[PDB]
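Report on the following structure.
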Amino acid sequence: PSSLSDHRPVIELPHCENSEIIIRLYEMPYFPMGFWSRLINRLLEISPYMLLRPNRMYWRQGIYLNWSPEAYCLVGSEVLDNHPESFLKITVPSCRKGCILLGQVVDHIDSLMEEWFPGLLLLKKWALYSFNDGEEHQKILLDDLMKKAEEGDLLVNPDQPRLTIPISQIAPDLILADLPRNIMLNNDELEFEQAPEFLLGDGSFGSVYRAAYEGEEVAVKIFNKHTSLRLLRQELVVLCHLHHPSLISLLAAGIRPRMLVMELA
Amino acid sequence: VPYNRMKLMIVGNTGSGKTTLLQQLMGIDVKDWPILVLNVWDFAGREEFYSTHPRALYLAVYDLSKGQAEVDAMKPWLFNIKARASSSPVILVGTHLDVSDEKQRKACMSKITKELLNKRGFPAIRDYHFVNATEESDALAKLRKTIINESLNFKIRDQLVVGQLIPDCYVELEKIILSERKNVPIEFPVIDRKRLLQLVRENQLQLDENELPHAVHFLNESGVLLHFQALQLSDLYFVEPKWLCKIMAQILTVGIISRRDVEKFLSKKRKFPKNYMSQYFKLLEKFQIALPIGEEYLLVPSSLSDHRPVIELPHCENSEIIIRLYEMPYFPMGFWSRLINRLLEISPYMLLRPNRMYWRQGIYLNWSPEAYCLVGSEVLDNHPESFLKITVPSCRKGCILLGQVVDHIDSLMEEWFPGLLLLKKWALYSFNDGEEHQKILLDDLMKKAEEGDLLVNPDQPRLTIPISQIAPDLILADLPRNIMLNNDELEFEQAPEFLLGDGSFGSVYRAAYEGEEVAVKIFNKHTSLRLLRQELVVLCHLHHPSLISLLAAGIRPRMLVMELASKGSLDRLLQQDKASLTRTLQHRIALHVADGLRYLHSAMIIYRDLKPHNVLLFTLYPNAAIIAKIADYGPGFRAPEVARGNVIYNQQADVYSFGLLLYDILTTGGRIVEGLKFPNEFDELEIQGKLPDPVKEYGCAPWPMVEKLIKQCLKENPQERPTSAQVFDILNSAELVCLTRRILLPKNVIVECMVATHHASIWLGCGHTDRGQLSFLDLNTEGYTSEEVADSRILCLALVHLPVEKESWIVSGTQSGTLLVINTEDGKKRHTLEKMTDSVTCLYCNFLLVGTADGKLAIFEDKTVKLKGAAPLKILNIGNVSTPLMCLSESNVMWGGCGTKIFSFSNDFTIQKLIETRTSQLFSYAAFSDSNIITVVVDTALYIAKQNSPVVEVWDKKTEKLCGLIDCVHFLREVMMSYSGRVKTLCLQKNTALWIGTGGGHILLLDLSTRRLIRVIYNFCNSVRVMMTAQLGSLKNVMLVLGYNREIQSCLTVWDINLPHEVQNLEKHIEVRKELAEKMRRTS
Amino acid sequence: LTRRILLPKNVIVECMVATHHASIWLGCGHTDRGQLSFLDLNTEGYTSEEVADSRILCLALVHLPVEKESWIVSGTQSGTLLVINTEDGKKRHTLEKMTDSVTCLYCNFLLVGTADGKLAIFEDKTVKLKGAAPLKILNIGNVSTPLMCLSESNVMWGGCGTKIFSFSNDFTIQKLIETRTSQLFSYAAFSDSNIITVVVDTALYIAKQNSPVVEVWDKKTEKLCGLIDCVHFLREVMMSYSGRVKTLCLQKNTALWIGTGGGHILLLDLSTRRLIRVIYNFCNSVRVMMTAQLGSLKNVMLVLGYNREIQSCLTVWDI
Ligand SMILES: Nc1nc2c(ncn2[C@@H]2O[C@H](COP(=O)(O)OP(=O)(O)O)[C@@H](O)[C@H]2O)c(=O)[nH]1
Ligand SMILES: [Mg+2]
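Protein chains in written order, with the authors' numbering: chain B, 1670 to 1720, 1727 to 1796, 1807 to 1950; chain A, 1330 to 1355, 1370 to 1378, 1388 to 1406, 1412 to 1586, 1589 to 1613, 1624 to 1720, 1727 to 1796, 1807 to 2019, 2036 to 2160, 2165 to 2250, 2261 to 2306, 2313 to 2397, 2408 to 2477, 2488 to 2525; chain C, 2140 to 2160, 2165 to 2250, 2261 to 2306, 2313 to 2397, 2408 to 2477, 2488 to 2498.
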């Protein structure tokens, strides 16, 4: 109900320690009233089962949702002392179900950034993290995190190498661990040469080649430095629940190469 | 102080004129009469109080113009008076003399000189008068003088017997309370605030355990307030007499009435809490105002029609029915309402509901033409004595009904109308249908029952009757088939060598029955039959595995054949064979006793006698279905509460007694039992409740859980003590059995690592401070010390044992990367080995393996480490600056964790395989898979726990493949942010038990052969830090679990390594006996 | 045949014997003196003549085809035995008076059961003598324990008090079963009772006085084989029906007829112990039942009872 105030109820949560949760921040000074009405309309679509209608508590500029002690998802606006630039904050527990809830939410937020703010892409994406429970969190610009995601290593403290953090915890929606089990790319089965002899076609995202995934010729979409990672999962969203004999099915994704594997015949 | 107040009880029948008598002299109208202040209670109407809740003088008032008939009517009143206060004075006053000819006066005069003044059974009427009218009279002047002088004489009589006079001195504080209770203004005068009122008046009679009970006792006897002591509205609900009497009397007058309609009226009359209303109804029962019929109805005995409804019984010929008569001089007041309450529960099927009818003076139950029952009053001409008649049809069900009826009648009289036990019992019979019945006393039939003969007509031998038809309750024909005595099985001699014991009931002999050892109770000329049947009633309907059952009864020689214990009583075992008394046996005994108590308490039976002398053992074999039983269900070992001799027994008394039994079991020496030999200290000790620490005082091996159970059980306050149901639940625990020790560490001490000495003490690290501090725990004395030994914080400890060189050293790896090596036999021998290039993350040792934070593995030669500054044999680079080594396991090939890879080593320290486990992310969740390995357990598969994972990975070392996942969250998800589900440590036992510690205070026991949850051990502490497997100095294997208990508290818990087995075995044990309980109860 | 034979109003019968060759002798229970009545089944005729001072307790037929004569022995309350020739009612003989009253008779030789538990045995042709002494006398019970059931079905089963006897060819007690041990089953008031009727085939069927059940005993091991619950069967039927057993008759095809004290007669199959059929409301109270053949040799059941105005009724029931 849009008639509600921006009240934020004192709800005791599970997963109170820093390592118990995932925190994603979206910075922008102001999100023109109506933004959160559109946001909640798209937030009231979240359901990890699709890959239950819990005691959600709408906060006008965000929502509680609740889900379960095991997996929950809080989304809403925030502001800090001496930090007038407002921001969105997402809190899910550090687990796959939380990752799923997060992944669906961040896609809804970005689709809103495309919808409510066409062409704006402000909207700074930060991974909030800590090397020790009870300590102060630090922020990673996801652009730099993606530079490190390419490496596939942990966040390594250069001054104290003894402190390292899994990138997948830092940003669960960066590495596709929340996919339906049947489409996680088996890197030991994707016999993809990437040579011109395998070229089938192309597109704005990059190029289409062929590969012997699990011994079968499949089509492969290489997101060749044309907004990779992002477009890849957005396509996966379209592919999810897309089931018809006349259509090209998904034969596993592949976030590490940014190469979607599709039906070829 | 010299209390000068006395009660005046005025009794008589309605219309006597007794109130106006009182008026001139000066349910129940209560007023003071200062003369000496009398508390006058005028029983105006039929106030059952004289029987429902009976320093007083009785004034018996009757109408002389009615005559001798009225005199006889007063016999029940006199009986009742004698029955509760035979020593109290009675003044008999005839009224209406001004309308009664002296003919009646002298007729009644002679009547009382012949039948009351000189007749036993009545409370020796002290004096008497006749009064013309309540206008005034010389007779009344004399009566006043008589009342005064006689009440003085009475108190003199009390001084002669009781020791108290009309100025007897009572504690002044009780007198004060009387005044405090006088001053009470409450809308619904029910008092609980009395505790506060005690505190208002300073605090007098401060002995709540003794003086308080005496004050209350006094307050009822003195006529001040009302306790109602098994009601819920009893102890904490003191009620104004005026309301109790008024409201209940009114409701009677406001005959079957539904409960609900009564509730409706009551809720408008006086808005009582529904809780109080449930008690209200219970009070109506206890005060004989109304009896429960169905759960929705009340009988309301008073006012029931007194015109016995026309009932035509089936069966007419003499031989078709059985008749029993009870001759009485008069029925006691309330006799019938009490009798009815008992008879309503009769049923020939307890081993469709009956068409019940009520006469006030009788009950008719129908059921079926096959079996029905009529009980009611009948009177014959020329036979002043009133009497009961019981009629049942002559068949087995009819017999069963008869047995129940006569058992209730005799029990009624024993409890409520003793003195009669008069009650001439007659049986009716005839030798030919169509003729008249003949009477015979049951005593004579018992004489014939002993002969076993037919009743034979002394004039004509051709006419005989099979005794059973006349009296099927003299011969035990109403027994369950299961307990009829088979005379071809029972084999006994009654010879001296078989005598097991005796008592007021007769004697007990050892015998054989169906090839088994049994005990035979013989009622050898001790008011038998009645005692026999009482025991039969109690024994039947109690069918629990922990009780001694009945193995057939037989009237022919009047016997009860019961189970004989094989190993004898506990007391003997305690003093004769401690070797049998193992920890396992002891626990099982405690369970079996607790069950018996739970059962008997649910059966509303207070045992009142739990001592070692009453516990019987049927086999010392620890793993048996039934081991201990409680004898004879239905000294200096008393609860301090009941030890006062001024309270009533209840379940809490038994619980306290149980606790003492448990204490006695704990100390197998029976040390407090040995204390009995000096009873002057023993009985008082228990009264004091100041028992010594069973461990420290007697040298008894620790047994926590039980130790606190005893403390919880033996509390001074009855309301604080645990219920017997709860006691059992506590005893029903594998944790109870297997927890052996618990040592708390000093406040604000944090231990991050442990090394037990395999030979009885533990070396402890210390992560509380930021300084290399080494602590030490002595398990033999629970001693504790600590000293700073290094600069940076100690991370890992390891024991170097050189039995060849006869020495051993503690290797302390720390944050600085140094290795401090200290001789266990000499604290002065401290030295440092070659410093590592990074901190030490783990140690293992033969070669001393040092795993450092930079992924480097140093290997030191076995003895070489003795030298200061010694270098390692060789050094390997496994990981890197960001991938530290964290685990060296071995169960002679090494396995271990390095970042996210699993390595393995040969005896030449060469790498035999680097298994990258990152690929497990295809299953589970990538942030769990991608995390540093904490520990590696090596069995027939590898068990991997990673940092902050909730999932344990199972790997096939033979093919290097993921073979399964263990979801710890799932297991605790099944259990109803302490539930983090984070895996802390893994220990593995070669009997398939897998021990998994976690973030919260839980330990999971899994079955390696099936990957299944055996049990969740929990509410251990705040968080589990480390777990070790270690052999004690007794060679017993235990788990050493060190945890946090945030108030930074930490502690060491020692568990019996066989916990997994105890969990399963106990569960089985409990279930088997559960089934047996149902088996027994169902047979009946 | 089911012939409903009615006798004169207030006629009461205490004993019955039929000539197995078509007529029945009946004892006049309604009188105060031994009167002997006689029913002619061929013409439905009925008469009576005085035979004794005391009443008749039991009648029996003595037949000597070698002598071409037959007699009715009258066992009376007096203990005397009057022998009455049926070919000549005036030709009467006398057997030695018993020590007590005669409860039962069975006739080669005549067995005489008495109230004091004795069994006199009179040699067949002593029936022609007056003041004749018995062949042999057995001491079975006593004054408190009467002998009452003589059931040959070639040895004699004896019902005396609570014990079952079996007598040899020379009157030796072959077997003795005290049935008081049956109290473990049933109910003591029934178990402990005088035995009235004993029926024997493969097992013994014991009807005790005032019992609603029949005991079944194993003649081969002397053990209780089972119980027949008559009142149960009447319970199955949808103070007139007390269920007390009055008489047991048994045909070789296991047809056990149980006459009760009411108007019902229970026919039961002893090969399965299963109720076959109840005769409903035969009379108000069945007294005795006898298996016999008519003049046509038709096998009928002589069901004698009362329709209480005592209306004695004999139905010549169709077997
Ligand atoms: N003639 C006469 N009648 C009396 C005497 N005392 C009482 N009664 C009558 O009895 C009545 C009092 O009865 P009460 O005491 O209220 O009834 P109770 O409590 O049921 O006995 C009054 O009517 C009196 O006049 C008396 O001395 N003489
Ligand atoms: Mg009055």
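C-beta: ideal position from N, C-alpha, C; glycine also.
Sequence-distant Cβ neighbours of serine 2341 of chain C in its own chain, meaning closer than 7 Å and more than five residues away, are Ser2350, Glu2374, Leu2383. Close to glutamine 1854 of chain B, with beta-carbon spacing below 7 Å, are these residues of chain A in chain order: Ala2348. For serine 1688 of chain B, at least one C-beta of chain A is nearer than 7 Å to its own C-beta. Annotation for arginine 1711 of chain A: the continuous alpha helix (DSSP H) segment containing it runs 1704 to 1712. Taking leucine 1497 of chain A as the centre and dropping the five residues before and after it, the same chain places the C-beta of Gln1353, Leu1354, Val1488 closer than 7 Å to its C-beta, in chain order. For the 7 Å CB-CB criterion, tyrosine 1992 of chain A and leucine 2001 of chain A do not form a contact. Residue contact with chain B for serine 1743 of chain A: absent (no Cβ-Cβ distance below 7 Å to any residue of chain B). Of the candidates B:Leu1914, B:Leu1945, B:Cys1685, B:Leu1945 places its Cα closest to the Cα of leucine 1924 of chain B. Within chain A, the C-beta atoms nearer than 8 Å to that of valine 2296 of chain C come from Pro1846, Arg1847, in chain order.
Beta-bridge analysis with DSSP links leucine 2437 of chain A to A:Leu2425, A:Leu2444.
With a threshold of 6 Å, the Cβ atom of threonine 1348 of chain A counts as near ligand 2, since some heavy atom of the ligand is closer than that.
A straight line joining the alpha-carbon of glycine 2431 of chain A with that of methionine 2408 of chain A spans about 9 Å. Following the DSSP letters along the chain, one finds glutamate 2503 of chain A inside the alpha helix (DSSP H) bounded by residues 2500 to 2524. Below the 8 Å Cβ cutoff, chain A contributes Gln2342, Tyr2346, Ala2347, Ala2348 as neighbours of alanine 1862 of chain B, in chain order. Residue nearest to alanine 2285 of chain A within the set A:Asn2292, A:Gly2317, A:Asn2261, A:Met2241 is A:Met2241 (criterion: CA-CA distance). The shortest CA-to-CA distance from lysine 1906 of chain B to any of B:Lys1810, B:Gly1939, B:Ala1746 is the one to B:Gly1939. When the Cα atoms are used, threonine 2223 of chain A and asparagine 1909 of chain B turn out to be separated by approximately 51 Å. Within the same chain, and ignoring the five residues on either side of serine 1422 of chain A in sequence, the residues whose Cβ sits closer than 7 Å to its Cβ are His1453, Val1456, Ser1457, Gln1461. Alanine 1396 of chain A has its Cβ nearer than 6 Å to a heavy atom of ligand 2. Following the DSSP letters along the chain, one finds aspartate 1829 of chain A inside the alpha helix (DSSP H) bounded by residues 1827 to 1836. At a Cβ-Cβ threshold of 7 Å, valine 2414 of chain C and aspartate 2388 of chain C do not count as neighbours.
Contact annotation: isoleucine 2336 of chain C and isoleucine 2355 of chain C have beta-carbon atoms that are not nearer than 7 Å. Residue environment analysis places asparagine 2369 of chain C among the buried positions, since at least 16 neighbouring C-beta atoms fall within 10 angstroms of its C-beta. DSSP places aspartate 1375 of chain A in the strand class (E or B) of the three-state scheme. Non-local beta-carbon contacts of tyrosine 1699 of chain A in its own chain, meaning distances under 7 Å to residues more than five positions away in sequence, involve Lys1432, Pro1433, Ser1761 in chain order.
Across the structure, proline 1661 of chain A and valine 1450 of chain A are spaced so that their CA atoms are roughly 39 Å apart. Looking at C:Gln2220, C:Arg2235, C:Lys2367, C:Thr2229, the one whose alpha-carbon comes closest to that of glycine 2266 of chain C is C:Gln2220.
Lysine 2148 of chain A and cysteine 2492 of chain A have their C-alpha atoms roughly 10 Å apart. Taking 8 Å as the Cβ-Cβ cut-off, the region 1750 to 1775 of chain B approaches chain A at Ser1769, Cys1770, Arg1771, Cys1774, given in chain order. Taking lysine 2289 of chain C as the centre and dropping the five residues before and after it, the same chain places the C-beta of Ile2274, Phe2330 closer than 7 Å to its C-beta, in chain order. Out of A:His1486, A:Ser1508, A:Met2315, the CA that lies nearest to the CA of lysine 1499 of chain A is found in A:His1486. Taking the CA atoms as reference points, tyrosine 2189 of chain A sits about 22 Å from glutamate 2098 of chain A.
The Cβ atoms of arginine 2143 of chain A and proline 2105 of chain A sit closer than 7 Å to each other. Contact with chain C is absent for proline 2095 of chain A, since none of that chain's Cβ atoms lies less than 7 Å from the residue's Cβ. Between the region 1892 to 1904 of chain A and the region 1958 to 1977 of chain A, the count of C-beta pairs closer than 8 Å stays below three; the two stretches do not touch. DSSP places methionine 1989 of chain A outside both helix and strand once states are collapsed to three, so it counts as coil.
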